[PDB]
>>> print(open('run.txt').read())   # compact mmCIF, N, CA, C and O atoms
# COMPACT_ATOMS: atom_id res chain seq x y z
N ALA A 1 239.91 178.47 81.59
CA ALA A 1 239.26 177.44 82.41
C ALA A 1 240.27 176.38 82.85
O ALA A 1 240.89 175.72 82.03
N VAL A 2 240.42 176.24 84.17
CA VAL A 2 241.35 175.26 84.72
C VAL A 2 240.70 174.46 85.84
O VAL A 2 240.89 173.25 85.94
N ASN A 3 239.92 175.14 86.68
CA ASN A 3 239.24 174.48 87.79
C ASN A 3 237.85 174.02 87.37
O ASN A 3 237.54 173.92 86.18
N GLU A 4 237.01 173.73 88.36
CA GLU A 4 235.65 173.27 88.10
C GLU A 4 235.65 171.89 87.46
O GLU A 4 236.56 171.54 86.70
N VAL A 5 234.63 171.09 87.77
CA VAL A 5 234.52 169.74 87.23
C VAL A 5 234.02 169.77 85.79
O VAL A 5 233.31 170.69 85.39
N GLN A 6 234.39 168.75 85.02
CA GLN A 6 233.98 168.66 83.62
C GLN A 6 234.76 167.57 82.90
O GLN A 6 235.98 167.47 83.02
N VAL A 7 234.04 166.74 82.14
CA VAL A 7 234.66 165.66 81.39
C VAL A 7 235.86 165.09 82.15
O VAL A 7 237.00 165.51 81.94
N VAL A 8 235.59 164.12 83.02
CA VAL A 8 236.65 163.49 83.81
C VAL A 8 236.56 161.97 83.73
O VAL A 8 237.58 161.28 83.69
N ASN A 9 235.33 161.46 83.71
CA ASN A 9 235.11 160.02 83.63
C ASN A 9 235.63 159.32 84.89
O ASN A 9 236.78 159.49 85.27
N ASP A 10 234.76 158.54 85.52
CA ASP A 10 235.13 157.81 86.73
C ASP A 10 235.25 158.76 87.92
O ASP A 10 234.48 158.67 88.88
N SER A 11 236.20 159.68 87.85
CA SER A 11 236.42 160.65 88.92
C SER A 11 235.09 161.18 89.44
O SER A 11 234.90 161.32 90.65
N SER A 12 234.18 161.49 88.53
CA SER A 12 232.87 162.01 88.90
C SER A 12 232.14 161.05 89.83
O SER A 12 232.06 161.28 91.04
N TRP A 13 231.62 159.97 89.27
CA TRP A 13 230.90 158.97 90.05
C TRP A 13 231.84 158.23 90.99
O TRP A 13 231.42 157.37 91.76
N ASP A 14 233.13 158.56 90.91
CA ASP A 14 234.13 157.92 91.75
C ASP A 14 233.99 158.37 93.20
O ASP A 14 233.59 157.59 94.07
N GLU A 15 234.31 159.63 93.46
CA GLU A 15 234.22 160.18 94.81
C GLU A 15 233.76 161.64 94.77
O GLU A 15 233.78 162.34 95.79
N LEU A 16 233.35 162.10 93.59
CA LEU A 16 232.89 163.47 93.42
C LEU A 16 231.39 163.58 93.67
O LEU A 16 230.96 164.17 94.66
N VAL A 17 230.60 163.00 92.78
CA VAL A 17 229.15 163.03 92.90
C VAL A 17 228.70 162.35 94.19
O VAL A 17 227.56 162.51 94.62
N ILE A 18 229.61 161.60 94.81
CA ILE A 18 229.30 160.90 96.05
C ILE A 18 230.22 161.36 97.18
O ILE A 18 230.25 160.76 98.26
N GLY A 19 230.97 162.43 96.93
CA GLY A 19 231.88 162.95 97.93
C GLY A 19 232.05 164.45 97.84
O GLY A 19 232.92 165.03 98.49
N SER A 20 231.22 165.09 97.02
CA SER A 20 231.29 166.53 96.83
C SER A 20 230.93 167.26 98.12
O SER A 20 229.87 167.03 98.71
N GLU A 21 231.82 168.15 98.56
CA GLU A 21 231.59 168.92 99.78
C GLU A 21 230.41 169.86 99.62
O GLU A 21 229.88 170.39 100.60
N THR A 22 229.99 170.07 98.38
CA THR A 22 228.87 170.96 98.09
C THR A 22 227.95 170.35 97.04
O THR A 22 228.35 169.51 96.24
N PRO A 23 226.68 170.79 97.03
CA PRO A 23 225.67 170.31 96.08
C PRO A 23 225.95 170.78 94.66
O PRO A 23 225.61 171.91 94.29
N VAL A 24 226.56 169.91 93.86
CA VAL A 24 226.87 170.24 92.47
C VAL A 24 225.70 169.92 91.55
O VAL A 24 224.69 169.36 91.98
N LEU A 25 225.84 170.28 90.28
CA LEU A 25 224.80 170.03 89.29
C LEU A 25 225.37 169.39 88.03
O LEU A 25 226.18 169.99 87.33
N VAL A 26 224.95 168.16 87.75
CA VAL A 26 225.42 167.44 86.58
C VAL A 26 224.48 167.63 85.40
O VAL A 26 223.30 167.28 85.47
N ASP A 27 225.00 168.20 84.32
CA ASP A 27 224.20 168.45 83.12
C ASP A 27 224.44 167.35 82.08
O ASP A 27 225.57 166.93 81.86
N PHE A 28 223.36 166.90 81.45
CA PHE A 28 223.45 165.86 80.43
C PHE A 28 223.59 166.46 79.04
O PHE A 28 223.53 167.68 78.87
N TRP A 29 223.78 165.61 78.05
CA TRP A 29 223.93 166.05 76.67
C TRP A 29 223.30 165.06 75.70
O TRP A 29 222.77 165.44 74.65
N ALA A 30 223.36 163.78 76.05
CA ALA A 30 222.79 162.73 75.21
C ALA A 30 223.52 162.64 73.88
O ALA A 30 223.68 163.63 73.16
N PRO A 31 223.98 161.43 73.53
CA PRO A 31 224.70 161.18 72.28
C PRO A 31 223.79 161.30 71.06
O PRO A 31 224.25 161.15 69.92
N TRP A 32 222.51 161.56 71.30
CA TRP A 32 221.55 161.70 70.21
C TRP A 32 222.15 162.44 69.03
O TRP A 32 221.71 162.27 67.89
N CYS A 33 223.17 163.25 69.30
CA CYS A 33 223.84 164.02 68.26
C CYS A 33 225.18 164.54 68.74
O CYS A 33 225.35 164.88 69.92
N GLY A 34 226.15 164.60 67.83
CA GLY A 34 227.47 165.08 68.19
C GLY A 34 227.44 166.44 68.87
O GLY A 34 227.62 166.55 70.08
N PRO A 35 227.19 167.49 68.09
CA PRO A 35 227.12 168.86 68.60
C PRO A 35 225.89 169.10 69.47
O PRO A 35 225.64 170.21 69.93
N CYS A 36 225.12 168.04 69.69
CA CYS A 36 223.91 168.13 70.51
C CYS A 36 224.17 168.94 71.77
O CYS A 36 225.32 169.25 72.10
N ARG A 37 223.10 169.27 72.49
CA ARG A 37 223.21 170.04 73.72
C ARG A 37 224.38 169.55 74.56
O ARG A 37 224.23 168.66 75.39
N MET A 38 225.55 170.15 74.34
CA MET A 38 226.75 169.77 75.09
C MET A 38 226.75 170.41 76.47
O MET A 38 226.47 169.74 77.47
N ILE A 39 227.07 171.70 76.53
CA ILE A 39 227.10 172.42 77.79
C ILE A 39 226.76 173.89 77.60
O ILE A 39 226.22 174.28 76.56
N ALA A 40 227.09 174.71 78.59
CA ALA A 40 226.82 176.14 78.52
C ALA A 40 227.10 176.82 79.86
O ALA A 40 226.80 176.28 80.93
N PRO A 41 227.68 178.02 79.81
CA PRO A 41 228.01 178.80 81.02
C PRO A 41 226.76 179.32 81.72
O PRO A 41 226.84 179.84 82.84
N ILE A 42 225.61 179.18 81.07
CA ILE A 42 224.35 179.64 81.64
C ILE A 42 223.99 178.84 82.89
O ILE A 42 223.47 179.39 83.86
N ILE A 43 224.26 177.54 82.85
CA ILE A 43 223.97 176.66 83.98
C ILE A 43 224.96 176.88 85.12
O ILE A 43 224.58 176.88 86.29
N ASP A 44 226.22 177.07 84.77
CA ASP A 44 227.27 177.30 85.76
C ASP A 44 227.12 178.68 86.40
O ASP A 44 227.05 178.80 87.62
N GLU A 45 227.09 179.71 85.56
CA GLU A 45 226.95 181.08 86.04
C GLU A 45 225.79 181.20 87.01
O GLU A 45 225.89 181.88 88.04
N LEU A 46 224.68 180.55 86.69
CA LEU A 46 223.49 180.58 87.53
C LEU A 46 223.56 179.52 88.62
O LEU A 46 222.75 179.50 89.54
N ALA A 47 224.55 178.63 88.51
CA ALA A 47 224.74 177.57 89.49
C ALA A 47 225.41 178.09 90.75
O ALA A 47 225.28 177.51 91.83
N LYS A 48 226.14 179.20 90.61
CA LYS A 48 226.83 179.80 91.74
C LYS A 48 226.30 181.20 92.02
O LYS A 48 226.60 181.80 93.06
N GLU A 49 225.50 181.73 91.10
CA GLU A 49 224.93 183.06 91.25
C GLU A 49 224.20 183.19 92.58
O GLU A 49 224.23 184.24 93.22
N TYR A 50 223.53 182.11 92.99
CA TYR A 50 222.79 182.10 94.24
C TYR A 50 223.73 181.92 95.43
O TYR A 50 223.28 181.70 96.56
N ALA A 51 225.03 182.01 95.17
CA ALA A 51 226.03 181.85 96.22
C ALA A 51 227.44 181.84 95.64
O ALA A 51 228.05 182.88 95.46
N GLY A 52 227.94 180.64 95.34
CA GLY A 52 229.27 180.51 94.78
C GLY A 52 229.96 179.24 95.22
O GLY A 52 230.97 178.83 94.63
N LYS A 53 229.42 178.60 96.25
CA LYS A 53 229.99 177.36 96.77
C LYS A 53 229.48 176.15 95.98
O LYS A 53 230.06 175.07 96.05
N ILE A 54 228.40 176.36 95.24
CA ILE A 54 227.82 175.29 94.44
C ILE A 54 228.74 174.89 93.29
O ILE A 54 229.63 175.64 92.91
N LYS A 55 228.52 173.69 92.75
CA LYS A 55 229.34 173.19 91.65
C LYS A 55 228.46 172.74 90.49
O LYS A 55 227.23 172.73 90.59
N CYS A 56 229.09 172.37 89.38
CA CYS A 56 228.37 171.92 88.20
C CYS A 56 229.33 171.56 87.07
O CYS A 56 230.47 172.02 87.05
N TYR A 57 228.86 170.74 86.14
CA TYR A 57 229.69 170.32 85.01
C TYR A 57 228.89 169.43 84.06
O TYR A 57 227.74 169.08 84.33
N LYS A 58 229.51 169.07 82.94
CA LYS A 58 228.87 168.22 81.95
C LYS A 58 229.51 166.83 81.92
O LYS A 58 230.72 166.70 82.06
N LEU A 59 228.69 165.81 81.72
CA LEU A 59 229.18 164.44 81.67
C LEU A 59 230.10 164.23 80.47
O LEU A 59 229.94 164.87 79.43
N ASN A 60 231.08 163.35 80.63
CA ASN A 60 232.04 163.06 79.57
C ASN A 60 231.38 162.27 78.45
O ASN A 60 230.65 161.31 78.70
N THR A 61 231.64 162.67 77.21
CA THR A 61 231.08 161.99 76.05
C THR A 61 232.04 160.95 75.49
O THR A 61 231.65 160.06 74.73
N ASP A 62 233.31 161.06 75.87
CA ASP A 62 234.33 160.13 75.42
C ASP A 62 233.82 158.69 75.47
O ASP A 62 234.21 157.85 74.66
N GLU A 63 232.94 158.42 76.42
CA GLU A 63 232.37 157.08 76.58
C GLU A 63 231.44 157.02 77.79
O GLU A 63 230.50 156.24 77.83
N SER A 64 231.73 157.86 78.79
CA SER A 64 230.92 157.90 80.00
C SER A 64 230.70 156.50 80.55
O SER A 64 229.60 155.95 80.49
N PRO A 65 231.76 155.90 81.11
CA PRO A 65 231.71 154.55 81.68
C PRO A 65 230.89 154.50 82.97
O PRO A 65 230.32 153.47 83.31
N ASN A 66 230.83 155.63 83.67
CA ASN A 66 230.08 155.71 84.92
C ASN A 66 228.58 155.67 84.65
O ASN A 66 227.98 154.60 84.54
N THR A 67 227.97 156.85 84.54
CA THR A 67 226.54 156.95 84.29
C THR A 67 226.05 155.80 83.42
O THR A 67 225.13 155.07 83.79
N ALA A 68 226.67 155.64 82.26
CA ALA A 68 226.31 154.57 81.33
C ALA A 68 226.24 153.23 82.04
O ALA A 68 225.31 152.45 81.84
N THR A 69 227.24 152.96 82.88
CA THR A 69 227.29 151.71 83.63
C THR A 69 226.19 151.64 84.68
O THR A 69 225.89 150.57 85.21
N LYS A 70 225.60 152.79 84.98
CA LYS A 70 224.53 152.86 85.96
C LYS A 70 223.35 153.68 85.44
O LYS A 70 222.43 153.15 84.82
N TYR A 71 223.40 154.99 85.69
CA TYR A 71 222.34 155.89 85.24
C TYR A 71 221.88 155.52 83.83
O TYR A 71 220.73 155.14 83.62
N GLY A 72 222.78 155.65 82.87
CA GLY A 72 222.45 155.33 81.49
C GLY A 72 221.91 156.53 80.73
O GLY A 72 220.70 156.71 80.62
N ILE A 73 222.81 157.36 80.21
CA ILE A 73 222.42 158.54 79.46
C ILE A 73 222.57 158.32 77.96
O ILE A 73 223.12 159.16 77.25
N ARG A 74 222.07 157.18 77.49
CA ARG A 74 222.15 156.85 76.07
C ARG A 74 221.51 157.94 75.22
O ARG A 74 221.68 157.97 74.00
N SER A 75 220.77 158.83 75.87
CA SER A 75 220.10 159.93 75.17
C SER A 75 219.32 160.80 76.15
O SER A 75 219.74 160.99 77.29
N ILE A 76 218.20 161.33 75.69
CA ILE A 76 217.36 162.19 76.52
C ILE A 76 218.18 162.85 77.63
O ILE A 76 218.34 162.31 78.72
N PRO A 77 218.70 164.05 77.34
CA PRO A 77 219.51 164.81 78.29
C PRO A 77 218.68 165.35 79.46
O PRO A 77 217.71 166.08 79.26
N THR A 78 219.07 164.98 80.67
CA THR A 78 218.37 165.42 81.87
C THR A 78 219.27 166.27 82.76
O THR A 78 220.46 166.43 82.48
N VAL A 79 218.69 166.81 83.83
CA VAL A 79 219.45 167.64 84.76
C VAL A 79 219.25 167.17 86.20
O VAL A 79 218.13 167.18 86.72
N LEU A 80 220.34 166.76 86.83
CA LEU A 80 220.29 166.28 88.21
C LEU A 80 221.40 166.91 89.05
O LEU A 80 222.51 167.13 88.55
N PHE A 81 221.11 167.18 90.31
CA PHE A 81 222.08 167.78 91.21
C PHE A 81 222.37 166.86 92.39
O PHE A 81 221.48 166.18 92.90
N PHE A 82 223.63 166.82 92.81
CA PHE A 82 224.04 165.98 93.93
C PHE A 82 224.95 166.74 94.88
O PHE A 82 225.64 167.69 94.49
N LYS A 83 224.96 166.33 96.15
CA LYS A 83 225.78 166.97 97.16
C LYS A 83 226.46 165.94 98.05
O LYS A 83 227.18 166.28 98.99
N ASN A 84 226.25 164.66 97.74
CA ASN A 84 226.84 163.57 98.50
C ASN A 84 226.43 162.22 97.93
O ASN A 84 226.35 161.23 98.66
N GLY A 85 226.18 162.18 96.63
CA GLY A 85 225.78 160.95 95.98
C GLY A 85 224.43 160.46 96.45
O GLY A 85 224.14 159.26 96.39
N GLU A 86 223.59 161.39 96.91
CA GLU A 86 222.26 161.04 97.39
C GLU A 86 221.20 161.41 96.35
O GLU A 86 220.00 161.40 96.64
N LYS A 87 221.65 161.73 95.14
CA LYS A 87 220.74 162.10 94.07
C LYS A 87 219.77 163.18 94.52
O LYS A 87 218.56 162.96 94.58
N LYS A 88 220.30 164.35 94.83
CA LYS A 88 219.48 165.47 95.28
C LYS A 88 218.17 165.53 94.50
O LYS A 88 217.11 165.23 95.04
N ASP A 89 218.26 165.92 93.23
CA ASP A 89 217.08 166.02 92.38
C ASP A 89 217.42 165.69 90.93
O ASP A 89 218.59 165.48 90.60
N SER A 90 216.41 165.64 90.08
CA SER A 90 216.61 165.33 88.67
C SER A 90 215.43 165.84 87.83
O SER A 90 214.29 165.87 88.30
N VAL A 91 215.72 166.22 86.59
CA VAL A 91 214.69 166.72 85.69
C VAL A 91 215.07 166.49 84.23
O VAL A 91 216.02 167.09 83.72
N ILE A 92 214.33 165.61 83.57
CA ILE A 92 214.59 165.29 82.17
C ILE A 92 214.21 166.46 81.26
O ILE A 92 213.66 167.46 81.72
N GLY A 93 214.49 166.31 79.97
CA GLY A 93 214.17 167.36 79.02
C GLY A 93 212.75 167.87 79.18
O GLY A 93 211.99 167.36 80.00
N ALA A 94 212.39 168.87 78.39
CA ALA A 94 211.05 169.45 78.45
C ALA A 94 210.83 170.20 79.76
O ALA A 94 209.94 169.87 80.53
N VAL A 95 211.66 171.22 79.99
CA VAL A 95 211.56 172.02 81.21
C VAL A 95 212.24 171.33 82.38
O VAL A 95 211.66 171.16 83.46
N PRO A 96 213.50 170.91 82.17
CA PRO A 96 214.29 170.23 83.21
C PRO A 96 214.68 171.16 84.35
O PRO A 96 213.94 171.31 85.32
N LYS A 97 215.84 171.80 84.22
CA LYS A 97 216.33 172.72 85.24
C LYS A 97 215.29 173.80 85.54
O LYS A 97 215.34 174.44 86.58
N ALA A 98 214.36 173.99 84.61
CA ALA A 98 213.31 174.98 84.78
C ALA A 98 212.23 174.49 85.74
O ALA A 98 211.89 175.17 86.71
N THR A 99 211.69 173.31 85.46
CA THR A 99 210.65 172.72 86.30
C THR A 99 211.07 172.70 87.76
O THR A 99 210.36 173.22 88.63
N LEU A 100 212.23 172.11 88.03
CA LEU A 100 212.74 172.02 89.40
C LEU A 100 213.04 173.41 89.95
O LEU A 100 212.35 173.90 90.84
N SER A 101 214.08 174.04 89.42
CA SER A 101 214.48 175.37 89.87
C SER A 101 213.26 176.27 90.05
O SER A 101 213.17 177.03 91.01
N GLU A 102 212.31 176.17 89.12
CA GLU A 102 211.09 176.97 89.18
C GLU A 102 210.37 176.76 90.50
O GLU A 102 209.88 177.71 91.11
N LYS A 103 210.30 175.51 90.94
CA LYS A 103 209.63 175.17 92.19
C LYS A 103 210.32 175.85 93.38
O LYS A 103 209.67 176.24 94.34
N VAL A 104 211.64 175.99 93.29
CA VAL A 104 212.41 176.63 94.35
C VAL A 104 213.13 177.87 93.83
O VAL A 104 212.69 178.99 94.06
N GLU A 105 214.24 177.66 93.14
CA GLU A 105 215.03 178.76 92.60
C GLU A 105 216.24 178.24 91.83
O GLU A 105 216.66 178.84 90.84
N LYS A 106 216.79 177.12 92.29
CA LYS A 106 217.95 176.52 91.65
C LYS A 106 218.26 175.15 92.25
O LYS A 106 218.00 174.12 91.64
N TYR A 107 218.82 175.16 93.46
CA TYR A 107 219.16 173.93 94.15
C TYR A 107 218.56 173.90 95.55
O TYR A 107 218.42 172.84 96.16
N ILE A 108 218.20 175.07 96.06
CA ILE A 108 217.61 175.18 97.39
C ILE A 108 216.87 176.51 97.55
O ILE A 108 215.68 176.61 97.25
>>> encode(input="run.txt", output="structure tokens")
Amino acid sequence: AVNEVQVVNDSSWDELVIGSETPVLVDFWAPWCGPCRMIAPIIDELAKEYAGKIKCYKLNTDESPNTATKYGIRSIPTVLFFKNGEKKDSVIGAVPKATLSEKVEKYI
């Protein structure tokens, strides 16, 4: 693994989530627990399966100065996708990526 977004801090909410040439998907983890729902290739693999131009990654746990400074992921891991910092969609735990994707398929 060398490419793809993931644990960057700032860079994300810097010009990525608001400058991404394609609709990416930001996965949460919530500090509720260390090994807590961190990440998984299931979201990524299926994030491009419907094409390949789509993006996705997990928020940085090192401190997450961005979201925390705004969104605020102190816990309750949710799933939101963006393609230009317009907050495409979002889905908190309890059938997150499922509830939304279910309505459509994934991102569109």
>>> residues_around(input="run.txt", residues="region 62-75 of chain A", least_positions_apart="3", cutoff="6 Å", atoms="only C-alpha atoms", output="PyMOL selection string")
chain A and resi 9-10+30-32
>>> axis_aligned_box(input="run.txt", around="region 32-46 of chain A", padding_each_side="6 Å", output="JSON")
{"center_x": 224.8, "center_y": 171.7, "center_z": 78.7, "size_x": 18.5, "size_y": 32.3, "size_z": 33.7}
>>> residues_near_point(input="run.txt", point="(227.6, 169.6, 94.9)", cutoff="4.5 Å", atoms="only N, CA, C and O atoms", output="list in words")
residues 22, 23, 24, 82 and 83 of chain A
>>> closest_residue(input="run.txt", among="A:88, A:93, A:104, A:41", to="residue 1 (chain A)", atoms="only C-alpha atoms")
A:41
>>> residues_around(input="run.txt", residues="residue 92 (chain A)", least_positions_apart="4", cutoff="5 Å", atoms="all atoms listed in the file", output="count of residues only")
4
>>> closest_residue(input="run.txt", among="A:76, A:95, A:90, A:84", to="residue 29 (chain A)", atoms="all atoms listed in the file")
A:76
>>> closest_residue(input="run.txt", among="A:39, A:86, A:49, A:94", to="residue 19 (chain A)", atoms="all atoms listed in the file")
A:86
>>> atom_distance(input="run.txt", atom1="atom N of residue 85 (chain A)", atom2="atom N of residue 34 (chain A)")
28.9 Å
>>> select_by_dssp(input="run.txt", residues="chain A", states="strand (DSSP E)", output="PyMOL selection string")
chain A and resi 24-27+55-58+79-82+89-91
>>> closest_residue(input="run.txt", among="A:105, A:36, A:51, A:26", to="residue 91 (chain A)", atoms="only C-alpha atoms")
A:26
>>> residues_around(input="run.txt", residues="residue 57 (chain A)", least_positions_apart="5", cutoff="8 Å", atoms="all atoms listed in the file", output="number ranges by chain")
A: 4-7, 24-28, 38-40, 43-44, 78, 80
>>> atom_distance(input="run.txt", atom1="CA of residue 48 (chain A)", atom2="CA of residue 101 (chain A)")
13.3 Å
>>> closest_residue(input="run.txt", among="A:81, A:50, A:59, A:11", to="residue 37 (chain A)", atoms="all atoms listed in the file")
A:59
